[PDB]
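File shown here: start02.pdb, holding PDB, C-alpha atoms.
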```pdb
ATOM      1  CA  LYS A   1      21.622 -29.129   1.861  1.00  0.00           C
ATOM      2  CA  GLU A   2      21.195 -32.899   2.323  1.00  0.00           C
ATOM      3  CA  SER A   3      21.009 -35.061  -0.815  1.00  0.00           C
ATOM      4  CA  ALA A   4      20.132 -38.759  -1.401  1.00  0.00           C
ATOM      5  CA  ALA A   5      17.257 -38.846   1.100  1.00  0.00           C
ATOM      6  CA  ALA A   6      16.175 -35.202   0.804  1.00  0.00           C
ATOM      7  CA  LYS A   7      16.687 -35.664  -2.951  1.00  0.00           C
ATOM      8  CA  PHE A   8      14.425 -38.744  -2.796  1.00  0.00           C
ATOM      9  CA  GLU A   9      11.935 -36.753  -0.676  1.00  0.00           C
ATOM     10  CA  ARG A  10      11.793 -33.963  -3.297  1.00  0.00           C
ATOM     11  CA  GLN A  11      11.600 -36.380  -6.264  1.00  0.00           C
ATOM     12  CA  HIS A  12       9.049 -38.780  -4.743  1.00  0.00           C
ATOM     13  CA  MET A  13       7.791 -38.060  -1.214  1.00  0.00           C
ATOM     14  CA  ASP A  14       5.552 -35.167  -2.221  1.00  0.00           C
ATOM     15  CA  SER A  15       3.717 -34.488   1.062  1.00  0.00           C
ATOM     16  CA  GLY A  16       2.257 -31.376  -0.607  1.00  0.00           C
ATOM     17  CA  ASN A  17      -0.896 -29.304  -0.022  1.00  0.00           C
ATOM     18  CA  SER A  18      -4.520 -30.603   0.002  1.00  0.00           C
ATOM     19  CA  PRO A  19      -5.398 -32.570  -3.185  1.00  0.00           C
ATOM     20  CA  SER A  20      -7.150 -30.644  -5.998  1.00  0.00           C
ATOM     21  CA  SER A  21      -6.973 -31.087  -9.816  1.00  0.00           C
ATOM     22  CA  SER A  22      -4.848 -34.212  -9.204  1.00  0.00           C
ATOM     23  CA  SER A  23      -3.922 -34.639 -12.904  1.00  0.00           C
ATOM     24  CA  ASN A  24      -2.646 -31.059 -13.172  1.00  0.00           C
ATOM     25  CA  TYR A  25      -1.056 -31.257  -9.697  1.00  0.00           C
ATOM     26  CA  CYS A  26       1.117 -34.190 -10.715  1.00  0.00           C
ATOM     27  CA  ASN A  27       1.756 -33.039 -14.286  1.00  0.00           C
ATOM     28  CA  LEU A  28       2.956 -29.747 -12.754  1.00  0.00           C
ATOM     29  CA  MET A  29       5.211 -31.495 -10.202  1.00  0.00           C
ATOM     30  CA  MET A  30       7.035 -33.764 -12.669  1.00  0.00           C
ATOM     31  CA  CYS A  31       7.038 -31.142 -15.467  1.00  0.00           C
ATOM     32  CA  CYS A  32       8.689 -28.719 -12.996  1.00  0.00           C
ATOM     33  CA  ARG A  33      11.051 -31.540 -11.931  1.00  0.00           C
ATOM     34  CA  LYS A  34      11.833 -32.139 -15.676  1.00  0.00           C
ATOM     35  CA  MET A  35      12.449 -35.906 -15.309  1.00  0.00           C
ATOM     36  CA  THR A  36      10.211 -35.935 -18.432  1.00  0.00           C
ATOM     37  CA  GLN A  37      13.243 -34.628 -20.428  1.00  0.00           C
ATOM     38  CA  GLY A  38      13.712 -36.771 -23.575  1.00  0.00           C
ATOM     39  CA  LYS A  39      11.694 -39.691 -22.138  1.00  0.00           C
ATOM     40  CA  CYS A  40       8.648 -39.508 -19.850  1.00  0.00           C
ATOM     41  CA  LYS A  41       8.886 -41.561 -16.648  1.00  0.00           C
ATOM     42  CA  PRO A  42       6.125 -44.208 -17.019  1.00  0.00           C
ATOM     43  CA  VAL A  43       4.939 -44.112 -13.384  1.00  0.00           C
ATOM     44  CA  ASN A  44       5.894 -42.165 -10.237  1.00  0.00           C
ATOM     45  CA  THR A  45       4.238 -43.259  -6.976  1.00  0.00           C
ATOM     46  CA  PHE A  46       4.625 -40.027  -5.043  1.00  0.00           C
ATOM     47  CA  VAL A  47       4.140 -40.700  -1.285  1.00  0.00           C
ATOM     48  CA  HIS A  48       1.799 -37.843  -0.240  1.00  0.00           C
ATOM     49  CA  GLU A  49       2.343 -38.305   3.519  1.00  0.00           C
ATOM     50  CA  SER A  50       4.408 -36.918   6.420  1.00  0.00           C
ATOM     51  CA  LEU A  51       8.193 -37.447   6.311  1.00  0.00           C
ATOM     52  CA  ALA A  52       8.070 -38.538   9.976  1.00  0.00           C
ATOM     53  CA  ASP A  53       5.748 -41.384   8.917  1.00  0.00           C
ATOM     54  CA  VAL A  54       8.100 -42.410   6.103  1.00  0.00           C
ATOM     55  CA  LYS A  55      11.115 -42.258   8.465  1.00  0.00           C
ATOM     56  CA  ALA A  56       9.305 -44.385  11.071  1.00  0.00           C
ATOM     57  CA  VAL A  57       8.451 -46.824   8.233  1.00  0.00           C
ATOM     58  CA  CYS A  58      12.157 -46.825   7.193  1.00  0.00           C
ATOM     59  CA  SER A  59      12.787 -48.441  10.624  1.00  0.00           C
ATOM     60  CA  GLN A  60       9.654 -50.673  10.858  1.00  0.00           C
ATOM     61  CA  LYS A  61       9.714 -54.137   9.209  1.00  0.00           C
ATOM     62  CA  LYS A  62      12.734 -54.881   7.028  1.00  0.00           C
ATOM     63  CA  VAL A  63      12.021 -57.233   4.090  1.00  0.00           C
ATOM     64  CA  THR A  64      14.435 -58.948   1.684  1.00  0.00           C
ATOM     65  CA  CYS A  65      14.355 -56.721  -1.421  1.00  0.00           C
ATOM     66  CA  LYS A  66      14.571 -58.108  -4.990  1.00  0.00           C
ATOM     67  CA  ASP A  67      18.336 -57.414  -4.721  1.00  0.00           C
ATOM     68  CA  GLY A  68      19.597 -59.076  -1.520  1.00  0.00           C
ATOM     69  CA  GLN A  69      21.671 -55.905  -0.918  1.00  0.00           C
ATOM     70  CA  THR A  70      19.291 -52.970  -0.574  1.00  0.00           C
ATOM     71  CA  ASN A  71      17.660 -52.991   2.862  1.00  0.00           C
ATOM     72  CA  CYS A  72      13.998 -52.054   2.319  1.00  0.00           C
ATOM     73  CA  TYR A  73      11.224 -51.826   4.899  1.00  0.00           C
ATOM     74  CA  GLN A  74       7.477 -52.296   4.599  1.00  0.00           C
ATOM     75  CA  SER A  75       5.128 -49.834   6.224  1.00  0.00           C
ATOM     76  CA  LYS A  76       2.976 -51.632   8.813  1.00  0.00           C
ATOM     77  CA  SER A  77       0.631 -48.731   8.186  1.00  0.00           C
ATOM     78  CA  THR A  78      -0.923 -47.933   4.814  1.00  0.00           C
ATOM     79  CA  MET A  79      -0.454 -44.390   3.447  1.00  0.00           C
ATOM     80  CA  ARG A  80      -1.618 -42.231   0.530  1.00  0.00           C
ATOM     81  CA  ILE A  81       0.561 -42.949  -2.495  1.00  0.00           C
ATOM     82  CA  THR A  82      -0.143 -40.901  -5.622  1.00  0.00           C
ATOM     83  CA  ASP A  83       0.486 -43.266  -8.541  1.00  0.00           C
ATOM     84  CA  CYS A  84       0.883 -40.828 -11.410  1.00  0.00           C
ATOM     85  CA  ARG A  85       0.846 -42.969 -14.592  1.00  0.00           C
ATOM     86  CA  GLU A  86       1.332 -41.502 -18.117  1.00  0.00           C
ATOM     87  CA  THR A  87      -2.288 -42.148 -19.228  1.00  0.00           C
ATOM     88  CA  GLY A  88      -4.118 -38.773 -19.324  1.00  0.00           C
ATOM     89  CA  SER A  89      -3.942 -38.589 -23.152  1.00  0.00           C
ATOM     90  CA  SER A  90      -0.147 -38.936 -22.808  1.00  0.00           C
ATOM     91  CA  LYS A  91       1.489 -38.100 -26.183  1.00  0.00           C
ATOM     92  CA  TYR A  92       5.136 -36.842 -26.011  1.00  0.00           C
ATOM     93  CA  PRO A  93       5.798 -33.936 -25.549  1.00  0.00           C
ATOM     94  CA  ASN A  94       2.192 -33.822 -24.189  1.00  0.00           C
ATOM     95  CA  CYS A  95       2.968 -36.190 -21.294  1.00  0.00           C
ATOM     96  CA  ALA A  96      -0.118 -36.046 -19.090  1.00  0.00           C
ATOM     97  CA  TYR A  97      -0.499 -38.361 -16.116  1.00  0.00           C
ATOM     98  CA  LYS A  98      -3.449 -40.109 -14.539  1.00  0.00           C
ATOM     99  CA  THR A  99      -2.946 -39.232 -10.857  1.00  0.00           C
ATOM    100  CA  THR A 100      -4.254 -42.278  -8.917  1.00  0.00           C
ATOM    101  CA  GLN A 101      -4.253 -41.502  -5.176  1.00  0.00           C
ATOM    102  CA  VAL A 102      -4.552 -44.790  -3.214  1.00  0.00           C
ATOM    103  CA  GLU A 103      -3.960 -45.716   0.461  1.00  0.00           C
ATOM    104  CA  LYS A 104      -1.958 -48.970   0.837  1.00  0.00           C
ATOM    105  CA  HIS A 105       1.429 -50.136   2.202  1.00  0.00           C
ATOM    106  CA  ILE A 106       4.744 -48.755   0.906  1.00  0.00           C
ATOM    107  CA  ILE A 107       8.093 -50.536   0.663  1.00  0.00           C
ATOM    108  CA  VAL A 108      10.814 -47.931   1.276  1.00  0.00           C
ATOM    109  CA  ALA A 109      14.492 -48.592   0.514  1.00  0.00           C
ATOM    110  CA  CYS A 110      16.483 -47.367   3.522  1.00  0.00           C
ATOM    111  CA  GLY A 111      20.188 -46.526   3.327  1.00  0.00           C
ATOM    112  CA  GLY A 112      22.905 -44.133   4.493  1.00  0.00           C
ATOM    113  CA  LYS A 113      24.178 -43.645   8.054  1.00  0.00           C
ATOM    114  CA  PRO A 114      21.896 -42.943   9.879  1.00  0.00           C
ATOM    115  CA  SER A 115      19.321 -45.155   8.102  1.00  0.00           C
ATOM    116  CA  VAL A 116      17.221 -42.697   6.020  1.00  0.00           C
ATOM    117  CA  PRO A 117      14.705 -43.323   3.166  1.00  0.00           C
ATOM    118  CA  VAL A 118      16.679 -43.118  -0.115  1.00  0.00           C
ATOM    119  CA  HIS A 119      14.495 -44.985  -2.649  1.00  0.00           C
ATOM    120  CA  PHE A 120      10.952 -46.257  -3.194  1.00  0.00           C
ATOM    121  CA  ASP A 121      11.271 -50.028  -3.581  1.00  0.00           C
ATOM    122  CA  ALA A 122       7.546 -50.711  -4.181  1.00  0.00           C
ATOM    123  CA  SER A 123       4.045 -50.685  -2.610  1.00  0.00           C
ATOM    124  CA  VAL A 124       1.373 -53.321  -1.843  1.00  0.00           C
TER     125      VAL A 124
END
```
This structure in structure tokens:
Amino acid sequence: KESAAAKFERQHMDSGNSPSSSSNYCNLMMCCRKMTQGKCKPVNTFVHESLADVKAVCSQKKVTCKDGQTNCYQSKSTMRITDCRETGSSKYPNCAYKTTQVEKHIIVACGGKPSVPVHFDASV
């Protein structure tokens, strides 16, 4: 199976099922992922929208990343990002996230050959 971009997709681009119990949804995702091991990731801005959209975005408007090496692209469109932030009475090991869904622009880091989405640079 593909890695890097599929790996990114799995880790971040969670175009999952209809939203319900958003806290639990996201807690479940990252708990299952286990990136909470030892230290709890402070925020994860899971893009809850179609991979085709994100790929299109990956070849929309390139912007100069805060690297001058990574080639990252803004989405002309806005899209539902799920900013899960460790706030829902977060107390290690009881890491519990406040699942903020919000619809705004994403900044995807494109890479590989062909140019595929490999990291989440930011959003605005």
Query raised in the report: What does the PyMOL selection byres ((chain A and resi 4-15) around 12) select in this file, as a PyMOL selection string?
Result: chain A and resi 1-3+16-19+25-26+29-35+41+43-55+58+79-84+106+108-121
Report summary line: Judged by all atoms listed in the file, the minimum distance to residue 78 (chain A) among A:66, A:122, A:23, A:103 is found for A:103
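Closest approach to residue 21 (chain A) among A:101, A:69, A:94, A:75 is made by A:101 (distances from only C-alpha atoms).
Here CA of residue 60 (chain A) is placed at a distance of 20.8 Å from CA of residue 102 (chain A).
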Report task. Counting only C-alpha atoms, figure out which residue out of A:56, A:124, A:39, A:67 gets nearest to residue 107 (chain A). Result -> A:124
Query raised in the report: Any idea what the distance is between CA of residue 97 (chain A) and CA of residue 36 (chain A)?
Result: 11.2 Å
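Taking CA of residue 71 (chain A) as the reference point, CA of residue 57 (chain A) is found at 12.3 Å.
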Requested in this report: Using the chain letters and numbers from the file, give me the residues hit by the PyMOL selection byres ((chain A and resi 61) around 7), as number ranges by chain.
Outcome: A: 59-60, 62-63, 73-75
Those same residues - C-alpha atoms - I'd like them written as a PDB file, in the coordinates of the input.
```pdb
ATOM      1  CA  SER A  59      12.787 -48.441  10.624  1.00  0.00           C
ATOM      2  CA  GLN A  60       9.654 -50.673  10.858  1.00  0.00           C
ATOM      3  CA  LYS A  62      12.734 -54.881   7.028  1.00  0.00           C
ATOM      4  CA  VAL A  63      12.021 -57.233   4.090  1.00  0.00           C
ATOM      5  CA  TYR A  73      11.224 -51.826   4.899  1.00  0.00           C
ATOM      6  CA  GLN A  74       7.477 -52.296   4.599  1.00  0.00           C
ATOM      7  CA  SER A  75       5.128 -49.834   6.224  1.00  0.00           C
TER       8      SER A  75
END
```
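Among the candidate residues A:37, A:77, A:105, A:27, the one lying nearest to residue 89 (chain A) is A:27, with distances computed using all atoms listed in the file.
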Who sits within 6 Å of residue 96 (chain A), only C-alpha atoms, same chain under 5 positions skipped, as a CSV table (one decimal) with C-alpha atoms, keeping the file's coordinate frame:
```csv
chain,number,residue,atom,x,y,z
A,27,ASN,CA,1.8,-33.0,-14.3
A,86,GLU,CA,1.3,-41.5,-18.1
A,88,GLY,CA,-4.1,-38.8,-19.3
A,90,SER,CA,-0.1,-38.9,-22.8
```
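Each of A:68, A:99, A:42, A:87 was checked against residue 20 (chain A) using only C-alpha atoms; the smallest atom-to-atom distance is that of A:99.
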